[PDB]
Structure formats: structure tokens, C-alpha cells
Amino acid sequence: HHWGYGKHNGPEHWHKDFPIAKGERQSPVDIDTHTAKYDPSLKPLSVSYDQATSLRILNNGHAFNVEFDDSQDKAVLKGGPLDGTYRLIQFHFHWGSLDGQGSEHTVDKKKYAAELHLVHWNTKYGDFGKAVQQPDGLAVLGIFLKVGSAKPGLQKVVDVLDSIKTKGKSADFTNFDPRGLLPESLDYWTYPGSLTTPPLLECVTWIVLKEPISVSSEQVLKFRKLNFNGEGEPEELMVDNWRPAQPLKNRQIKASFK
Ligand SMILES: [Zn+2]
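Residues numbered from 1 in each chain as written, not as in the entry; some residues may be left out. Heavy atoms only, no water.

- The name that the PDB entry assigns to the protein is CARBONIC ANHYDRASE 2, with the source organism given as Homo sapiens.
- In the PDB, the entry goes by the title "Human carbonic anhydrase II in complex with bicarbonate".
- The annotation that UniProt attaches to the protein under Subunit (literature references left out) is "Interacts with SLC4A4. Interaction with SLC4A7 regulates SLC4A7 transporter activity. Interacts with SLC26A6 isoform 4 (via C-terminus cytoplasmic domain)."
- Here the protein is described in UniProt, under the heading Sequence similarities, as follows: "Belongs to the alpha-carbonic anhydrase family." (UniProt positions renumbered as here; feature names shortened; annotations may be inferred.)

A short note on the overall build of the protein
Move 1: Secondary structure summary: the protein contains 3 helices and 15 strands in total.
Move 2: Against the 2.2 N^0.38 benchmark of 18 Å for 258 residues, the protein shows a C-alpha radius of gyration of 17 Å, consistent with a compact globule.
Move 3: Its C-alpha atoms give the protein principal-axis dimensions of about 55 × 40 × 40 Å.
Move 4: For the protein, buried positions account for 52% of its 258 residues. (Helix = DSSP H or I, 4+ residues; strand = E, 2+ residues; numbered from the N terminus. Rg over C-alpha atoms; globule rule 2.2 N^0.38 Å. Buried < 20%, exposed > 50% of the residue type's maximum accessible area, 1.4 Å probe, protein only.)

With respect to the packing of aromatic side chains
Move 1: Under the counting rule described, the total for this entry stands at 15 aromatic pairs.
Move 2: Between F91 and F93, the aromatic rings sit 6.1 Å apart at their centres with planes inclined by 90°, giving edge-to-face as the arrangement. Like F93, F91 is buried.
Move 3: Counting every residue linked through ring pairs, the aromatic cluster contains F64, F68, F91, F93, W95, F173, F176 and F223. (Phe/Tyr/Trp six-rings, centres within 6.5 Å; stacked < 30°, edge-to-face > 60°.)

Quick word on the UniProt feature "domain: Alpha-carbonic anhydrase" in the protein
Move 1: UniProt's entry tags residues 1–257 with the feature "domain: Alpha-carbonic anhydrase", counted in the numbering of this structure.
Move 2: With 7% helix and 30% strand, the stretch residues 1–257 has end C-alpha atoms that lie 41 Å from each other.

Some points on the side chain of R25
Move 1: With respect to the helices and strands, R25 occurs in the segment before strand 1 (30–31).
Move 2: This buried residue, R25, is left without a salt bridge; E202 holds the nearest opposite charge, at 5.2 Å.
Move 3: Polar side-chain contacts of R25 include one of 3.0 Å to the backbone oxygen of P135.
Move 4: In this structure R25 touches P135, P192, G193, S194, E202, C203, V204 and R251, once residues within four positions along its chain are discounted. (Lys, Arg positive; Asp, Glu negative; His and termini not counted. Salt bridge = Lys/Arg side-chain N within 4 Å of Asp/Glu carboxyl O. Polar contact = N/O pair within 3.5 Å; in protein donor to acceptor, adjacent residues only side chain to side chain. Contact = heavy atoms within 4.5 Å.)

Re the UniProt feature "binding site: substrate" in the protein
Move 1: According to UniProt, the "binding site: substrate" feature falls on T196 and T197.
Move 2: Its location among the elements puts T196 in the loop between strand 12 (188–193) and strand 13 (204–209).
Move 3: A residue is classified by how much of its surface remains accessible, and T196, at 6% relative accessible area, is buried.
Move 4: Not counting residues within four places of it along the chain, the set of residues in contact with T196 comprises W14, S27, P28, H94, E104, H117, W206 and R243.
Move 5: Reaching out from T196, the side chain makes a polar contact with the side chain of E104 at a distance of 2.5 Å.
Move 6: One can find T197 in the loop between strand 12 and strand 13.

Some thoughts on the coordination of the zinc ion
Move 1: The zinc ion binds to the protein through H92 (NE2), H94 (NE2) and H117 (ND1); the donor distances cover 2.0 to 2.1 Å.
Move 2: Along the chain, the residues donating to the zinc ion are arranged with the sequence spacing H-x1-H-x22-H. You can see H94 sitting in strand 7 (residues 86–95) and its partner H117 sitting in strand 9 (residues 114–122), a full 23 residues away along the chain.
Move 3: By relative accessible area, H94 is classed as buried at 2%.
Move 4: For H117, a relative accessible area of 2% corresponds to the buried category. (Donors = N, O, S within 2.8 Å, 3.2 Å for Na, K, Ca; no water.)

Points about the nonpolar core
Move 1: Counting residues in hydrophobic clusters, the biggest one holds 48 residues, and the most contacted among them are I57, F64, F91 and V157.
Move 2: Only strand 5 (64–68), strand 7, strand 9, strand 10 (138–147), helix 2 (155–160), strand 13 and strand 14 (213–215) provide two or more residues apiece to this core.
Move 3: Of the residues forming this core, the biggest block, 5 residues, is contributed by strand 7.
Move 4: Excluding its chain neighbours within four sequence positions, the residues that come into contact with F91 are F64, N65, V66, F68, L116, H117, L118, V157, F176 and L181.
Move 5: Within the second largest apolar cluster, 23 residues are counted, among which are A131, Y191, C203 and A255. (Core = buried A, V, L, I, M, F, W, Y, C linked by side-chain atoms within 4.5 Å.)

This is the structure in C-alpha cells:
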């Protein structure tokens, strides 16, 4: 597959190789704040990252992933809409060419400059590859980024990007603390959806935080220096790696906050 975000292989084309692209639980979606209902059923959300062990950062030609050791229950997400325990496997971002676009989810049609996704798999399925085949297989924590003040906790990522400029490059990336990327409040919206890149599997419980984090213009300019291409190939800046909002269809978005 040769899917991307370019002029001729971008999201509007994905359905040809991945027909689930036009399915009933696709992501991202617009979050209409006036129609999302507070849900008293939601249990407290527990983001338990004290023991998180990062290993590596990789430019995969469509974003970069910070990868974690998920061989035991070290960094987990529980509670909220979730049943059981979800293990952190990687985080990545989606961002734009300019600050007025870049997020995948939108809030009353507002696009943010970027969106961070912390991806977790349901331990009841044993491994990630089994979990993505199940409707309750993954939990993705999405966090909006706006451009303002610098995020101290992001700077360790920013400073390694120069070393992974092109597709296929990786760098060691140990002792990174993902708690440094959280906003102050964990109020959220939740709905059932999908992976936002091919193969677009419909296996995700989305938990999208209402409070964005702030990053500096200098920080996001360094993201926009990455390349989609491999070493020595014609340079294509890694920008606008976001899928646009998809039809909500029958689904309800629930709010954790009154
Ligand atoms: Zn993502």
C-alpha cells in the first residue's frame, strides 16, 4: 500500500484499498459540544504512567512514534468508559502546515494546530495484533495542541527530531515521561471509533480531552522540518498528516463532565 497525505494518495483515496474507510464507526469526528451529553455512568478515569518505559522514536513515513515497553502492565489506562486494563504501546502526533489546521478531531468545527494520540491495547486480548481485531481492542487518549507557550515536557521529543528526519530512521529514546504531555484537567468526551490511518480498523474507544495543551511556535516549527520521504529522496515536508472528520452515523458522544 502507498497511502499518504499527498495530492494523489491522501485520505479521499484511502477507501479504494481500505473499503472500511466508508464504514459505520470511522474516526475522527467533529465533537458538537452542545449535543454531547454528560454521562453519570462513566467511572473515574485512571491514567497510570508512573512506571512507563519508553524505548525508541521512529519516523515511519507518516508520523513519528515514541514506542514503549508493553511486555508487562507498566503504563496503563483504566476507568472512564473502559472495562479492564489497557496497556500503553506508543504515542504520536498529527499536525498541520500552519496553526489553523492539524488536529483530526474538531470541537464545534474548530481545528487545533495538532493532536497527540496515546495508543493503548486491551490486555484481555494478549497482544496488540489480536486487540485491533476487536471492537473494544484499543483505547486512544487524544490531546489537542494549540500554539502559545512552550511545553517543557515536549522539548525532549523536539530535540531528537533532527536525528530521525527521514522515513525509516530511529533513535534510542529512553526515560521519557508521558505525564509531561497531559493538561491539568482530564475532563473528556468519549465515543466508539476507529484508527485514523490505514488499515482504519474499527477497534477504538476514543477518549478526547477537553483541555488543550500549549506548545510554542518554535516547537511546532521543528515538527514541520521532518520528512515523509526516505534518506536521499526528493524532500517532502511532513505536514498535514491529519485525516478530516468522518460521519458520526448512529453514534453518541458522551461527556465526562457536567
Ligand atoms: Zn493518530
